[PDB]
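Protein chains in written order, with the entry's author numbering: chain A, 1 to 16; chain B, 1 to 16; chain C, 1 to 16; chain B', 1 to 16; chain C', 1 to 16; chain A', 1 to 16. A prime marks a further copy of an entry chain.
Even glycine gets a Cβ: it sits at the ideal position worked out from N, Cα and C.
Report on the following structure.
Protein chains: 6
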Amino acid sequence: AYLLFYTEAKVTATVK
Amino acid sequence: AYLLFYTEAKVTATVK
Amino acid sequence: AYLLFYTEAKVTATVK
Amino acid sequence: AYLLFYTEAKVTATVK
Amino acid sequence: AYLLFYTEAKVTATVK
Amino acid sequence: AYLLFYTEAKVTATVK
Ligand SMILES: [Cl-]
Ligand SMILES: [Cl-]
Ligand SMILES: [Cl-]
Ligand SMILES: [Cl-]
Ligand SMILES: [Cl-]
Ligand SMILES: [Cl-]
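In structure tokens form, the structure reads like this:
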């Protein structure tokens, strides 16, 4: 699984 | 485009 | 001291 | 250009 | 568990 | 003072 911080604004974190 | 910080370790940043 | 970003959602930054 | 995550609180991301 | 990025330098990511 | 993560690659952190 990876950790991802993403944004286009707020930073969203997810683990997939 | 998204700004992305990714990791499984080092953090990789990219713009997609 | 460490710089920390954490999240369980929002990313919170702190310096400890 | 730089990718920047900034904070003093919320983390702001920008591309400059 | 929390997602953590930390640094005192390199940024280290972990899940606790 | 602000916390900054920046990159053009490696993420560099700084506190100013
Ligand atoms: Cl490594
Ligand atoms: Cl690194
Ligand atoms: Cl604080
Ligand atoms: Cl806030
Ligand atoms: Cl936020
Ligand atoms: Cl670990």
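Using C-beta distances below 6 Å, list every residue in its chain close to residue i, excluding the 5 sequence neighbours before and after it, in chain order.
{"i": "residue 14(A)", "result": "4"}
With the cut-off set at 8 Å, would you say residue i and residue j are in Cβ contact?
{"i": "residue 8(A')", "j": "residue 2(B')", "result": "yes"}
Would you kindly work out how many angstroms separate the C-alpha atoms of residue i and residue j, rounded to a whole number?
{"i": "residue 16(C')", "j": "residue 10(B)", "result": "17 Å"}
{"i": "residue 12(B')", "j": "residue 12(C')", "result": "20 Å"}
Please state whether DSSP places residue i in a helix, a strand or coil.
{"i": "residue 13(B')", "result": "strand"}
{"i": "residue 6(B)", "result": "strand"}
Shorter than 7 Å, the distance from the beta carbon of residue i to the closest heavy atom of ligand 7, or not?
{"i": "residue 10(B')", "result": "In the structure shown, ligand 7 is absent; the only ligands present are ligand 1, ligand 2, ligand 3, ligand 4, ligand 5 and ligand 6."}
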